[PDB]
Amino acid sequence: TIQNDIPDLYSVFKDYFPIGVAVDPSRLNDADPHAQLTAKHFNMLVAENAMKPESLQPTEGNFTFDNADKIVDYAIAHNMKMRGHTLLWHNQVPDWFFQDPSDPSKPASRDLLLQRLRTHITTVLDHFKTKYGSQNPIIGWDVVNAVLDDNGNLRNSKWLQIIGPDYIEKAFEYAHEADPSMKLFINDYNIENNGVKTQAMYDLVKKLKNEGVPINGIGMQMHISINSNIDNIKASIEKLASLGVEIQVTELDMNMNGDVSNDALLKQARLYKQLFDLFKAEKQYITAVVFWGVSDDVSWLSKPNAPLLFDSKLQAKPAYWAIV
């Protein structure tokens, strides 16, 4: 059961940015304590999985929006904004996209994969616009997700193999044509470490924006660890922000590296407090901070872990009190 009278987390950040959370459609019932935590603490929602490509078009032309729409309906009922995650990724994308349908042993061509990408993006955005209209809570989408490799080169996914390097710009062109009201993000992890991947993200967005690609923001997943360096996160935000794009912290959680001891929870609280002081100091660039999961027991990280502000019994952790 949850603590009903402690401060609503997002309210602490009302003069800075919305505070959101990634959710599962099965955790939205009024009587479910995970749903109660969700509605109490967050004013922004993201689908952890229900808006991924496999979750929306499992076989070609067969769109499955029920779970996504359940999350959208809940966001509307709770006066929450949403982020759309995600139109393109190398995981949770059905194999049919990349196969020649007359010979599935062969790859789809560049033109066929681009047409499929355009149809998927346009159908997904037109679905939310036609079903929800002005009540659509989605303010923007992760148009492409994790397109860089660990060394900063373009990840050699099937999108890159079949189409080539301009598949990224094409995804943004298709999204922008389908719904110009959406803010369009490129989203990625490890770009907060101020290493070669941060520099490659800055170089890629600088290039594409100079070419007129409609990229409005960079999503910094921020799957950080208890050993992450705040100075490096601050230098990465400053570098990426110099491109004149919005920054959103999209999938925040903290990998404890197997140490869930009380001492580690106190170290986590100090690090989360430093991180949120940094986000508040960079409020001129940051337009949303979203946590990747409601509470530790539903985190995607393998066990043992304690990555979030609410523990495995849904109680506020030292980190929650340090930030509020």
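Don't overthink the numbering: it's just position in the shown sequence, from 1.
- In this entry, 310-318 has the higher mean Cα B-factor, the comparison being between 310-318 and 19-27.
- When the mean C-alpha temperature factors of 7-15 and 300-308 are read from the deposited coordinates, 7-15 comes out higher.
- Across the options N190, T122, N79, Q248, the residue with the most elevated CA B-factor in the record is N79.
- Across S157, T86, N227, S242, the entry's maximum B-factor at the CA atom is seen for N227.
- Among the modelled residues of its chain, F42 has a C-alpha B-factor that falls in the middle third according to the deposited record.
- Per the deposited record, the Cα B-factor of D277 falls in the highest third when ranked against the other modelled residues of its chain.
- The deposited CA B-factor of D32 belongs to the highest third of values across its chain.
- Among the modelled residues of its chain, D69 has a C-alpha B-factor that falls in the middle third according to the deposited record.
- Placement of the Cα temperature factor of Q57 within the chain: lowest third of the modelled residues, per the deposited record.
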